[PDB]
Amino acid sequence: XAXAXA
Amino acid sequence: XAXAXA
Amino acid sequence: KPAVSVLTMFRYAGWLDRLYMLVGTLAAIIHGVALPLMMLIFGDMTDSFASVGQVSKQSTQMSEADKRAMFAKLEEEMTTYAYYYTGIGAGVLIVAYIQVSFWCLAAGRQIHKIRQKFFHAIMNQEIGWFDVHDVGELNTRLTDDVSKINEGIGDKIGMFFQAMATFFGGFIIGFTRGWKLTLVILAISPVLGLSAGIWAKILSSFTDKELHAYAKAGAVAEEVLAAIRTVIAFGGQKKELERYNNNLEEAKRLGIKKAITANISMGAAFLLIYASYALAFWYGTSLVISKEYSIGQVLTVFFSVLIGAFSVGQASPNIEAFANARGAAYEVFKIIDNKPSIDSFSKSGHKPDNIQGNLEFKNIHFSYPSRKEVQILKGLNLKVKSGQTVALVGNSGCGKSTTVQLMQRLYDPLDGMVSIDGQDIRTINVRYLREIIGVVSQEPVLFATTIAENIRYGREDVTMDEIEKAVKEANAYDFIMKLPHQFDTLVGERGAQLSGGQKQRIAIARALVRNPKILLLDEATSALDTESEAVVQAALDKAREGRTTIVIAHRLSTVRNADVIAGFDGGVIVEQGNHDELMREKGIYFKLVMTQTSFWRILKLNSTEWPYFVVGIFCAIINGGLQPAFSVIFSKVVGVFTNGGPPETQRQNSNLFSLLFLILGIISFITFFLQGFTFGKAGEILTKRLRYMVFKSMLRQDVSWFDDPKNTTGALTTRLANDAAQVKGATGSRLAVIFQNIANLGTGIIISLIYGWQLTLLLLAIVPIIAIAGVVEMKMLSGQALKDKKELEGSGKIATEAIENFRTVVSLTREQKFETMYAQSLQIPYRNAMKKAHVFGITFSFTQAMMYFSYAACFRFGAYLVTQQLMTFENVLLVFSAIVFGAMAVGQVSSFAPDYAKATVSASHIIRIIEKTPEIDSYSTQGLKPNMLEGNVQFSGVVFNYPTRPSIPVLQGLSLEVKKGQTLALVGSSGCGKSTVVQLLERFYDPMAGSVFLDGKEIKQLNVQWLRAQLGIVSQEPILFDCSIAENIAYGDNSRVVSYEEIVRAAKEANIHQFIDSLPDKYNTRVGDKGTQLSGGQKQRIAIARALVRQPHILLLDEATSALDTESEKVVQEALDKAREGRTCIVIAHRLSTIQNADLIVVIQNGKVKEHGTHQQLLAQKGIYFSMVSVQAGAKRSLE
């Protein structure tokens, strides 16, 4: 939830 | 992975 | 439990397969390493903006000067990074395709071989191997296990290695960029890992283990709907509904408890995730302020490591996939590796020429593979001369058939030898042996093809001329030629079902094309009509005369012409010789000779609660509004830190964020638990309302509906549980999540849109495309899945045909035929599986490449055009997050789609079942309720056909009259005609024509309940519900509670009191098999008690003594006899000796009363009743 995947 | 971020 | 070696499983992969697997797993590992490298550059981007972010704010003096160096740095850097990203995209594209394609190819190529080899091995088994095994299990084992194997060696491996690669690569970059944050996160790793796994377990609850909590109600429901006629008769529907309602009442409470706990759990898990996630980052900032780490490095290691962490979690499932595949491959390969003794696929042994057909069985001991339990053949000696025909006879054991069994070498004998001509049968090739022996069996089988083909299963090479001569020589030519389509007519289990003799003749023709030297006929004449028997017998006789023959049957009409007749006793050959000799012998043969001579209307039902919804939606919208706030912070955390300028103010600002970062967390515990609790409690209540309204309406329906084969107790309870279980899921969590997700994307998109100008408008062009591109892929996956299931369904169908009838095909050989047909069947799915790999790869790579290319357009437009303007990085980082997670939230919309569909299909039935109304409803308060006690019964011109079977009428113009206080005995030839009276008086049905009265009023206009309230019904096998026997006796009268002394009196009248006072619990004892067991006598006496506790004016005894014996009949008959004589009565009981005292006896014939009158009058007359009595009476004397 930023940019990777979270 | 549930919903918050994992 | 049992498993397989890793190298043995892949034994069918060679040459190109291993190569595919290598290049595939290689490309997979590349694909795996690809992602964490993406997060690596992402830190370098941060450093670029960070270097300028600090210097830009550090000036506060010159402006234009910052328009030169900064923009150049961003130019070169951003261009480099974008170039790299674009570089990654093509890579992931190619390697993805390579990976999935190659692995799928390998899988298909192998599985094909697996199937072929396996089926071959199946066909290669000797009969003894089949005798000990279930064929259905074996075929299903084929079709399913090969599929498991397919799932195992499939692309799952590529995914596994790719995951392992992301894991290693992620942790490599993580460690190398810095050691501390990794270890810290490795302290975080167990914490979070423990939380997420539990969360997933909580979500999966919808599958049915649910019985443990619910089944208490299901038990009531089942015994009720099983007893439906009894509860109908005694009209205890309100009570049963009450009980069910109470059980539901408990169920819902347990439900809301589970809801509370589960919601708390999920919330807590989310909190732990939040807290750890934030904590690690706070420590990160704490490390950046020390200038030990760069702000971007923190991101890089954080995300790389977390990626690496979850890779395991998503890696694990593929292990189980490969794991299950080995275990499945075990039992499969076991059959393929198994080498039999008999073979018959072998080319070996002698193939003798000019066989005269001199057969001898020498000292043969044998047993089938029931083994030591029974030995059927003890020793033996038999010869049959060339050209002769021997007939085997026996009383039982079918040791006769054993010889025909052994002569085909289906089994090799325990001891002894069977010798065709001079040579041991085992020296000669099996196939040739089978081909030199023709066989005709009691039950002929015909595979499904044209007649020609079935005749062609005699020999693969043949012409219609030979078929013609073959069937004509079997005299089957006429019968088939009269048939349409000529030789091309269809035969089998489905379609064109023919006469047994004709099928037998076709079989004889098929056997005749075989042109065998040896002929084995086993009871082929037996189990067939006498007329066609001679027709087929002519053929059988004509099938001989060129051959030596061993024949076995139960009909001695065909034996006389035999050259030698052979009797058996206990497996021991005894009598042999010509007929006259055996008759002169006066032995076993002579003995046998002498012996044989849009529905929102359901949403309107949930509208019962106006609240509990608005709460959850408002809360879930606030949660939806709370979700992107997480992204806004993370943006400004890295944003202010990037935009920091003077450092002094940063530390405090980053620390106040990480606080707030958690603050949305704790508040997320409140909102998540709420929207889960409100929707949960709302789910368990309507489940009570629905099941209560469903069950109720199910007791409304009459017997006509319950007699329906479409509706059975199990099917009703299933329909009862499922739909109510299903509608809850649609009105449940899913909806809340959807609202949460649209609120999420909505707030996210508002924020993103108002912050980034056209930055967001851009993404909204990209994101819905990759999402829709994600859904369409799943659609193609299901399409190819369904289409593939249809093709192998055809190849599995020819397998079932082969292995079910197998014992026949082995006799005819031509297993190679089924090998070939099976192969040709498989060939189509094979070429299909080749295209599968081509498609699975493209759709995968396209979806990956699009996500990577999308990520390029992100920072490229975020940089350049946007960043050359005054628009800033912190907003860019915000928008990407917000939008993309809005999307990944939208994904759950697609994921949750099928639930509403299933729930709609399940919600379709549940309204219909309520809205259905009966012909006779027990609930209506209408009807007369007469004031006059005394009953009579008038049956007049009644005609009745059961709604289930409107073919053979049970009643035609039946007419009866019985006054009060006198017994009406009812005798009949047979059928429900005797019972239908009792059924119609209870008014389970209204007759087709005619009418029935009681006090002279027509019951049809009478109140149903009041009608049934006056009746004393007692059935054959009385069903008692589980509860106090006093409650089973008190079941006789409802709407009022029965007194103790009353049920005592009723128990005294029924003569059951001997038991009730004898028991330890007495009247409070439990019966119905849950707590106690009783015999039929006690149960019946109880039925009598509940019958006469009602104080009916009409007793109805339906074959009460049906199941019973000895003194029980006496005492129960005593009770029943005592029960009547004070009331109107109709007794259909099958003991006519007990009817000898009756006021009126009535003999029923074909639905019309035939004879009627008092006993001595019907006895004075000589007719049906006299015969009825005469046959059963004195039979006791015959018994003496």
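The deposited coordinates, according to the entry record, derive from X-ray crystallography at 3.781 Å resolution.

Novice: Any chance you could explain the side chain of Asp17(C) here in plain terms?
Specialist: All names here are of chain C. Tracing the sequence through the fold places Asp17 in helix α2 (residues 16-59). The buried category is assigned to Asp17, whose relative accessible area is 3%. Of note is the side chain of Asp17, whose polar atom sits 3.1 Å from the side chain of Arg109. If near-sequence neighbours (up to four positions away) are discounted, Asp17 is found in contact with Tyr12, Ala106 and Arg109.

Novice: Could you clarify how one ought to interpret the UniProt feature "binding site: ATP 1" in chain C in this entry?
Specialist: All names here are of chain C. UniProt annotation of "binding site: ATP 1" refers to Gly394, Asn395, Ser396, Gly397, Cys398, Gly399, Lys400 and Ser401 when read in the numbering used here. Note on placement: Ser396 falls in the loop between β3 (389-394) and α12 (399-407). Judged by its relative accessible area of 62%, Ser396 is exposed.

Novice: Would you mind showing me how to read the domain arrangement of chain C here?
Specialist: Where interface size is given, it is often the accessible area lost as the parts come together that is meant. Residues and elements named next belong to chain C. Domain annotation of chain C identifies domain 1 (1-348 + 598-926), domain 2 (349-597) and domain 3 (927-1184). Here the C-alpha centroids of domain 1 and domain 2 sit 61 Å apart. Three residues, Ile342, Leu812 and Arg814, lead the burial of domain 1 against domain 2; their summed loss comes to 28% of the area buried on that side. Across the domain 1-domain 2 interface, the total number found is eight residue pairs in polar contact. For the side of domain 1 that touches domain 2, the secondary-structure elements that each account for two or more residues are α4 (127-131), α28 (806-812) and α29 (815-862). Residue contributions to the side of domain 1 that touches domain 2 peak at six residues, all from α28. Across the side of domain 1 that touches domain 2, the residue classes tally to nine nonpolar, nine polar and six charged.

Novice: I'm lost on the interface of chain C and chain A in this one. Help?
Specialist: Listed per partner, the contact involves ten residues of chain C and six residues of chain A. Contributing elements (two or more residues each) for the side of chain C that touches chain A: α11 (295-337), α23 (629-642) and α31 (873-895) of chain C. Here the side of chain C that touches chain A is built from residues that sort into nine nonpolar, one polar and no charged.

Cut-offs and rules
- Residues numbered from 1 in each chain as written, not as in the entry; some residues may be left out.
- Chains lettered and ligands numbered in written order.
- Heavy atoms only, no water.
- Residues with missing side-chain atoms left out of burial classes, pairs and counts.
- Helix = DSSP H or I, 4+ residues; strand = E, 2+ residues; numbered from the N terminus.
- Buried < 20%, exposed > 50% of the residue type's maximum accessible area, 1.4 Å probe, protein only.
- Polar contact = N/O pair within 3.5 Å; in protein donor to acceptor, adjacent residues only side chain to side chain.
- Contact = heavy atoms within 4.5 Å.
- UniProt positions renumbered as here; feature names shortened; annotations may be inferred.
- Domains from an automatic or database assignment.
- Buried area = accessible area lost by both parts, 1.4 Å probe.
- Nonpolar A, V, L, I, M, F, W, Y, C, P; charged D, E, K, R; others polar.

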